[PDB]
Structure formats: structure tokens, C-alpha cells
Amino acid sequence: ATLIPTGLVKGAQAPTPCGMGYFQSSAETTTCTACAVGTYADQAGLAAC
Amino acid sequence: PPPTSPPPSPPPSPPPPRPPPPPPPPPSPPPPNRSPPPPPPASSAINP
Ligand SMILES: *[C@H]1O[C@H](CO)[C@H](O)[C@H](O)[C@H]1O
Ligand SMILES: *[C@H]1O[C@H](CO)[C@H](O)[C@H](O)[C@H]1O
Ligand SMILES: *[C@H]1O[C@H](CO)[C@H](O)[C@H](O)[C@H]1O
Ligand SMILES: *[C@H]1O[C@H](CO)[C@H](O)[C@H](O)[C@H]1O
Ligand SMILES: *[C@H]1O[C@H](CO)[C@H](O)[C@H](O)[C@H]1O
């Protein structure tokens, strides 16, 4: 009726790195994967453990 | 006269000197070595 938008909530300013023990090989995603047996991830922000 | 008689026969001789004692046994064997324990279960993923 009044042609005015009201509710905006901003997104993220910086990307969170995957924690130790977790990895992420996909580009645009919203989570990390605990990586499988026989492998490990000892740094934060690993493309593949 | 006839032949004079003989002298009194002796008493029975003594025994041998009897044997020695047995040597001891060797130190007994060891006990069967025990076995290690079971590996713990697979742990879960650490906190994210
Ligand atoms: C001992 O022996 C002799 C002869 O053998 C004789 O007969 C004695 O009379 C006896 O005592
Ligand atoms: C035991 O010995 C004597 C010797 O002194 C005599 O020969 C006996 O006849 C015997 O029995
Ligand atoms: C063993 O000893 C006896 C006496 O005890 C006698 O002398 C035997 O002639 C001897 O062999
Ligand atoms: C242990 O072994 C030794 C001999 O090796 C002996 O038989 C002991 O009686 C036994 O306990
Ligand atoms: C467990 O291991 C020990 C070795 O220390 C031994 O072989 C046992 O027989 C086994 O059950």
C-alpha cells in the first residue's frame, strides 16, 4: 500500500574458517564436514584434510 | 683226646656307610605372560 520496505537484516562481512578437525572442499557452502577415518585436519581453514 | 673244639663265631659285620642326599631342583619356570588390553572405542568428532 505505501510502497516502502521495512525489514532488512545484513549478512556476513567475513568468511568463517573451518575449525580444526573439519574441512570444506565446496566453494559456496554454509557448514564444515568432519573428515573421515585415516585423515586429519590440524589447521583452521583447510580445503581438504 | 679228640680234636679240641673251635672258637666262638664272630658277630655279624657292620653296614655300609649309607648314601648322600639328593641335589636340589632347578628354579621353577615363569608364569605365562599376560596379554595387553582392548583398544578403546572410536571417539566422536571434536567440537566445531
Ligand atoms: C667241640 O668240638 C670237638 C670236636 O668237634 C669235640 O667234639 C667237643 O666235644 C666239642 O665240644
Ligand atoms: C663260626 O666261627 C667259628 C670260628 O671261631 C667256628 O668256625 C664255628 O664253626 C662257626 O660257626
Ligand atoms: C665283619 O665284622 C665282624 C665282626 O663284627 C667279623 O669280624 C667279620 O669277619 C667281618 O667281616
Ligand atoms: C617349579 O619347578 C621346579 C623344577 O623346575 C620344581 O618342580 C618346583 O616344585 C616347581 O614349583
Ligand atoms: C595374550 O598375549 C600374551 C602375550 O603377552 C599371551 O600370548 C596370551 O596367550 C595371549 O592371550
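In this analysis, Cβ positions are derived from the backbone assuming ideal geometry, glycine residues included, and neighbour counts consider all displayed protein chains. Read the figures in this text as sums done on the coordinates, not as results from a lab.
What to note about this one:
- Taken over the range A:1-42, residues that are farther than 16 Å from B:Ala45 by Cβ and polar (S, T, N, Q) amount to 8.
- Residue match in the range B:15-31 (condition: closer than 30 Å to A:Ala34 by Cα, in a loop (DSSP other than H, G, I, E, B) and away from ligand 5 (no atom under 16 Å from the Cβ)): no
- Taken over the range A:21-49, residues that are hydrophobic (A, V, I, L, M, F, W, C), under 13 Å from the mean Cα position of the chain (by Cα) and part of a loop (DSSP other than H, G, I, E, B) amount to 5.
- Here B:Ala42 meets the list (1) more than 16 Å from ligand 1 (Cβ to nearest atom); (2) more than 30 Å from A:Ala34 (Cβ to Cβ) almost entirely, failing just condition (2).
- The lone exception for A:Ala14 - which of (1) surrounded by 12 or more Cβ atoms within 10 Å (Cβ to Cβ); (2) away from every other protein chain (no Cβ under 11 Å) it fails: (1)
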